[PDB]
Amino acid sequence: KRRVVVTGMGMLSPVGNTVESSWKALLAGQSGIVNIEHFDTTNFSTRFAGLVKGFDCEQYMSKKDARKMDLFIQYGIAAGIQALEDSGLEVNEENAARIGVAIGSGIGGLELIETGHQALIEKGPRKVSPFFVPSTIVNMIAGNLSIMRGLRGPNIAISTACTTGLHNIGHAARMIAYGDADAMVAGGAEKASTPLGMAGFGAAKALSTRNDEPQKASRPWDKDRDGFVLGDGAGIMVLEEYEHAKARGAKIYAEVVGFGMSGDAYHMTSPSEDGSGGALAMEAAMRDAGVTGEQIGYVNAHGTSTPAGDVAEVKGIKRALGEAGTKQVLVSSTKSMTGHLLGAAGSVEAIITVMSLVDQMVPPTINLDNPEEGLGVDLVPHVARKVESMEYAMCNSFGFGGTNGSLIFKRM
Amino acid sequence: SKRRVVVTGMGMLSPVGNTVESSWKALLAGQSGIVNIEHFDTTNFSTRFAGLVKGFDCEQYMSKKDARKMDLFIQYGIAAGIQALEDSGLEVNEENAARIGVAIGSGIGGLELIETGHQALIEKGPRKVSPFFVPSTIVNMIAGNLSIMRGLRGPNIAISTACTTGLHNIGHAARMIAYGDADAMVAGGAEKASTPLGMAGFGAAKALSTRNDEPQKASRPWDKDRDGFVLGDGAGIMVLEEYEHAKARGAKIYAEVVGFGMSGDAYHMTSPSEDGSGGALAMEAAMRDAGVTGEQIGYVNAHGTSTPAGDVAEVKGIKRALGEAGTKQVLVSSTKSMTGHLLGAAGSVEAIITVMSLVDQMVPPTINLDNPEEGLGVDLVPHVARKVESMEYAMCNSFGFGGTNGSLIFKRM
């Protein structure tokens with residue numbers, strides 16, 4: 001049985017442009033939510049988002065190359081390079097076919113799609129960019145990173161809305177376990193904070209409209225929550241077969257021990273009232289890892305700050321973990337601080353789950369001023385928590401269409 | 001003892017038919033599905049034709065209420081998914097729902113509704129954008145809607161890998177069943193990119209044939225006068241099942257999924273490796289997975305999109321992976337000659353075609369192959385279908401933008 005470990009991590013988030021800076025901000029309870037400044041938001045119901053601060057494309061590639069990539073792709077490349085450099089993995093002629101990429105996005109290149117459609121309508125088909133398709137479609141983070149870094153192993157992109165980053169990591173682990181690859185660069189990226197993105201989620205009434213206090217808008221499980229807060233970013237892990245990593249003396253952050261999947265099969269945007277779908281995914285991941293509820297010290301919850309979603313997930317956690325597990329576990333949502341990073345949520349949060357094991361510290365759910373009644377779990381309100389002898393931690397992503405995933409990591 | 005994975009249901013909408021059976025018959029007859037675009041004004045477009053699904057009736061497969069919230073690519077995927085499920089006879093109940101999942105994607109998703117949403121935004125502002133904008137357009141919503149409609153609570157995934165989408169979904173669905181995450185999976189892909197922006201975007205890249213005078217002759221894989229691909233729409237879905245589970249409920253079994261391989265060219269954003277090596281890697285991995293050699297593969301359903309650079313490279317890759325192609329023991333053909341390139345659905349429509357080749361011991365042709373390039377050295381099944389004998393294994397390849405490559409191998413029962 002081939003074991004899979006985490007050897008490299010990289011991140012751009014609303015609270016920092018590295019893993020280390022982001023983690024420090026999260027433990028400090030810092031929000032990354034700000035007013036949108038790049039377009040006129042007057043007619044929009046929501047005027048704020050978790051934005052990546054001070055991204056310079058020219059640092060990573062030429063302006064000529066960047067003209068060929070929507071920002072979501074630029075972000076994913078930046079995180080991917082970070083994670084690769086963090087891992088120290090050397091790619092050469094001999095191993096290139098054993099190192100691949102599993103990276104996606106939930107929506108892809110909305111800004112360049114908008115720009116292409118405008119060109120079409122204004123000046124006709126001949127004025128659409130020759131790079132329209134490669135610049136916008138969701139598999140092109142994997143595509144471009146593979147090309148840039150010589151990675152010839154399996155090349156995939158899962159695109160499962162909010163679950164995207166989590167699925168990519170899980171399947172990357174599966175492919176290494178199976179023998180298709182010895183290492184994988186995996187995760188997700190998103191930059192949906194565009195006019196059409198904000199308008200589309202707004203029209204669904206899915207976003208908080210707390211425009212007066214953007215940093216208090218994201219408040220998972222709080223009685224006054226009123227929808228999620230959209231954020232942009234990228235989270236990438238380098239995953240590696242254990243013996244390969246052990247054999248080269250690798251610094252190893254954690255082991256990927258469980259991956260579970262399910263579908264709510266309930267509703268397009270609302271989760272199962274009973275939380276059973278999320279429970280299935282958690283239960284499958286626990287079976288995969290061969291652990292019981294009591295062994296899971298921390299769950300980095302999906303917790304997006306929606307009325308229906310937040311409650312259902314707690315019911316599902318309680319089912320999956322059982323009585324004894326539920327008594328001792330900590331649960332928190334870092335979307336309280338970052339917002340909901342969509343295609344990057346699941347991978348950013350997987351990195352956070354790993355760091356909780358590495359540092360034996362659990363970040364808070366901020367803004368949890370007045371929790372709903374009857375939750376019956378410790379939601380780590382307001383401030384970080386030191387833990388002791390935490391050996392396993394779990395992260396959940398539950399996306400639109402009922403697509404659910406859970407990963408379990410083991411301390412290393 | 002690996003958990004064996006078999007095909008127990010198939011469904012399809014294509015430019016040449018709205019069922020597997022009608023499509024397969026048209027393909028064996030060499031019939032083209034390429035027609036002029038009538039649904040928008042194509043005057044200013046360099047390419048004015050496409051492989052269109054004819055007479056699609058959404059009400060055949062779902063309610064109008066369901067369909068309201070869906071771009072056509074989703075409607076097409078749901079229609080094929082329902083077809084395949086009904087073809088499999090798989091009964092979903094409270095006891096098995098958590099063991100039956102979905103792996104379906106698209107390469108581009110809901111371009112039409114994205115266009116419509118952007119138009120609304122620009123004309124009348126954000127408040128005029130549809131409340132269903134996001135669920136109607138994003139690529140994981142075929143999986144999402146089918147799961148919801150049919151009570152499928154097993155793993156729910158959507159791989160989106162451009163041209164390789166349909167194939168990757170089927171392969172990973174097989175992997176997940178093999179691994180134990182599910183006992184059955186509904187898998188494949190769908191696309192409806194024949195929209196103003198879709199046609200404009202591929203046109204601007206000079207990726208499409210511009211043979212507007214003779215749309216049915218435009219798609220001509222490996223022919224000297226090929227001038228880019230012909231875009232088509234559709235959906236292809238398979239129900240996959242664990243072999244013992246399939247036997248135990250009395251499933252119809254079409255074929256066995258025995259090999260799945262993947263690689264990346266790592267060469268260029270849109271051009272394939274000149275040497276075809278990336279495709280070869282994927283083929284080779286699939287052959288190792290299946291434990292077969294070149295001699296055992298009777299047929300390769302090629303990616304063969306009718307592009308100058310792509311078609312030649314793939315043959316070099318096939319010859320590397322499979323010795324016996326070059327000695328004409330392995331037949332190779334591109335059904336994109338008839339359907340066009342169905343993008344996110346290409347890989348799964350073609351998987352179905354590869355399965356039917358094993359079921360009926362017949363291989364469909366590459367039409368329009370009037371003047372092949374020199375030095376190919378393989379049997380490209382030009383013009384007319386081929387009866388075969390004792391074909392036990394057949395392979396299908398998809399090689400997409402960004403250099404993403406996949407290969408599947410099926411075994412006859």
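Keep in mind that the numbers below use all heavy atoms, side chains included, and drop hydrogens, waters and symmetry copies. To find a chain, count down the sequence lines: A is the first, B the second, and so on, and within it residues start at 1.
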### Message
Among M261(A), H117(A), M268(A), which residue has the highest count of heavy-atom pairs closer than 4.5 Å to chain B?
### Response
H117(A)

### Query
Looking only at heavy atoms, what is the nearest atom pair of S397(A) and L166(A), with distance?
OG-CD1, 3.6 Å

### Task
Answer with side chain, backbone, both or neither: which region of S277(B) has an atom nearer than 4.5 Å to a non-hydrogen atom of chain A?
both

### Message
Heavy-atom cut-off 4.5 Å, strictly under: side chain, backbone, both or neither for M140(A) against chain B?
### Response
side chain

### Task
Could you tell me which residues satisfy ring-ring contact (aromatic ring centres under 6.0 Å, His included) with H171(A), sequence neighbours excluded, listed by chain and number?
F259(A), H172(B)

### Message
With a 6.0 Å cut-off on the ring centroids, do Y178(A) and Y179(B) count as close?
### Response
no

### Query
Using non-hydrogen atoms only, which part of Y267(B) is less than 4.5 Å away from chain A: side chain, backbone, both, or neither?
backbone

### Task
Tell me, for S45(A) versus chain B, whether the close heavy atoms (under 4.5 Å) come from the side chain, the backbone, both or neither.
both

## Note on the structure
Looking only at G406(B), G198(B), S147(B), most heavy-atom pairs under 4.5 Å shared with chain A are made by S147(B)

## Note on the structure
Honestly, the part of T270(B) sitting under 4.5 Å from a heavy atom of chain A is side chain

## Note on the structure
Smallest heavy-atom separation, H267(A) atom then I148(B) atom, equals C-CD1, 3.4 Å

### Query
When you measure from the side chain of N92(A) to the backbone N and O of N95(A), does any donor-acceptor pair fall under 3.5 Å?
yes

### Query
For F133(B), what residues pass the ring-ring contact (aromatic ring centres under 6.0 Å, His included) criterion, not counting sequence neighbours?
none

### Task
Dump the intermediate steps for side-chain contact (heavy atoms from CB on, under 4.5 Å) on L343(B) and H341(B), then the final yes or no.
CA-CA 6 Å; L343(B) 306 168; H341(B) 185 357; 4.0 Å; yes

### Message
Quick check on the structure: residues of residues 99-107 of chain A within a heavy-atom distance below 4.5 Å of chain B, by number.
### Response
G106(A), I107(A)

### Query
Side chain, backbone, both or neither: which part of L196(A) has an atom under 4.5 Å from a heavy atom of chain B?
both

### Task
Give every residue pair that meets the salt bridge (charged side-chain N to carboxylate O under 4.0 Å, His left out) criterion with at least one member in residues 151-179 of chain A, sequence neighbours excluded.
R174(A)-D181(B)

## Note on the structure
Comparing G200(A), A265(A), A284(A), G401(A) against chain B, the one with the most heavy-atom pairs below 4.5 Å turns out to be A265(A)

### Query
For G278(B), does its backbone N or O pair with a side-chain atom of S263(B) as donor and acceptor, under 3.5 Å?
yes

### Query
Who among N43(A), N144(A), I137(A), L110(A) has the most heavy-atom pairs with chain B under 4.5 Å?
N43(A)

### Message
How close do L120(A) and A200(B) get, counting heavy atoms only, and between which atoms?
### Response
CD1-CB, 4.0 Å

### Message
Using 30° and 60° as the class boundaries, would you call the ring planes of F228(A) and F201(A) parallel, tilted or perpendicular?
### Response
perpendicular

### Message
Under a plain distance cut-off of 3.5 Å, with no hydrogens placed, do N404(A) and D264(A) share a side-chain donor-acceptor pair?
### Response
yes

### Query
Who wins among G109(B), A158(B), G261(B), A98(B) for the most heavy-atom pairs under 4.5 Å with chain A?
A158(B)

### Message
Heavy-atom pairs under 4.5 Å with chain A - which of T161(B), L152(B), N169(B) has more of them than the others?
### Response
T161(B)

### Query
If you take all heavy atoms of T42(B) and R48(B), which pair is closest and at what distance?
O-NE, 3.1 Å

#### Entry: Residues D183(B), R3(B): salt bridge by 4.0 Å N-O rule
yes

### Message
Need one label for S273(B): side chain, backbone, both or neither, based on atoms under 4.5 Å from any heavy atom in chain A.
### Response
side chain

### Message
If we define contacts as heavy-atom pairs under 4.5 Å, which of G151(B), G144(B), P135(B), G154(B) has the most with chain A?
### Response
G154(B)

### Task
Tell me, for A161(A) versus chain B, whether the close heavy atoms (under 4.5 Å) come from the side chain, the backbone, both or neither.
both

### Task
Measure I157(B) against the heavy atoms of chain A and call it side chain, backbone, both or neither at under 4.5 Å.
both

### Message
Report which part of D288(A) has an atom under 4.5 Å of a heavy atom belonging to chain B: side chain, backbone, both, or neither.
### Response
side chain

